[PDB]
Amino acid sequence: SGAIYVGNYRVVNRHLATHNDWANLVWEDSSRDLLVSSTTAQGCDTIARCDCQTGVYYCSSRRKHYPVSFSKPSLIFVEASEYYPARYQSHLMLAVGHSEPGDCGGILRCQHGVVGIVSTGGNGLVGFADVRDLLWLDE
Ligand SMILES: CSc1ccc(Br)cc1CC(=O)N1CCC[C@H](C(N)=O)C1
Ligand SMILES: [Zn+2]
């Protein structure tokens, strides 16, 4: 679990969105596993606007932050699950690192701010859904 709070928005993994998230929906994309809902209170997370490939992510299954090198956002195959059929998830970035299904939502940050959230994993790898291109989260 985990969310990004920026302005009047809440950013979560689409496969983990609540009833409240869907009743206050702003935008959603199954192909990115992202969902954005509106909030009453203000959010103080800063989104990075950069092409950084290094950063730190929170891993809840270890209660630890890990530094990582990560790939550029791209279309990557993701095996079927209870939430989606087997497909290409777009805007996905991979790193060598530990993750388990309950790790989705952990924030990945660089020196510029929030880069994205844990969305995939398996075989000593961790996948992050990028949010750096969502320029509207600030305006
Ligand atoms: C950090 S998630 C994870 C980590 C290790 C292992 Br084994 C398995 C997982 C689970 C996982 O990758 N998915 C299930 C939830 C939907 C995800 C998606 N974005 O399509 C795919
Ligand atoms: Zn950066």
| query | Which pairs do you get when a residue that is farther than 16 Å from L125 by Cβ and assigned by CATH to the domain that holds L108, found in the range 72-91, comes within reach of a residue that is loosely packed, with under 12 Cβ neighbours inside 10 Å and acidic (D, E), reach meaning Cβ atoms under 6 angstrom, with the pair 6+ apart or on two chains? | reply | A86/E79
| request: Taking the residues in the range 106-133 that are surrounded by fewer than 19 Cβ atoms within 10 Å (Cβ to Cβ) and part of a loop (DSSP other than H, G, I, E, B) as candidates, determine which candidate is nearest to ligand 1 (Cβ to nearest atom). | output: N123
| task | Test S99 against the criterion of being touching a residue at least 12 places away in the same chain (Cβ under 8 Å), surrounded by 14 or more Cβ atoms within 10 Å (Cβ to Cβ) and not in a strand (DSSP E or B), and give yes or no. | result | yes
| Which one of the conditions (1) aliphatic (A, V, I, L, M); (2) away from ligand 2 (no atom under 16 Å from the Cβ); (3) surrounded by fewer than 16 Cβ atoms within 10 Å (Cβ to Cβ) does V56 fail to meet, given that it meets all the rest? | (2)
| remark: Checked the range 5-20 for anything within 16 Å of ligand 1 (Cβ to nearest atom) and either in a helix (DSSP H, G or I) or in contact (Cβ under 8 Å) with a residue 40 or more places away in the chain (or both); matches are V11, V12, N13, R14, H15, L16
| query | Which condition does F77 not pass, out of (1) surrounded by 13 or more Cβ atoms within 10 Å (Cβ to Cβ); (2) part of a strand (DSSP E or B), if it passes all the others? | reply | (1)
| query | Does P67 fit the bill of being free of Cβ contacts under 8 Å to residues at least 60 places away in the same chain, part of a loop (DSSP other than H, G, I, E, B) and farther than 25 Å from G7 by Cα? | reply | no
| Whichever residue in the range 40-53 is assigned to a strand (DSSP E or B) and surrounded by fewer than 17 Cβ atoms within 10 Å (Cβ to Cβ) and, among such residues, is farthest from ligand 2 (Cβ to nearest atom) | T40
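Cβ: placed from backbone, ideal geometry, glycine included. Neighbour counts: every protein chain shown. Basis: the model, the stated rules and, where named, an outside source; no laboratory instrument gave them.
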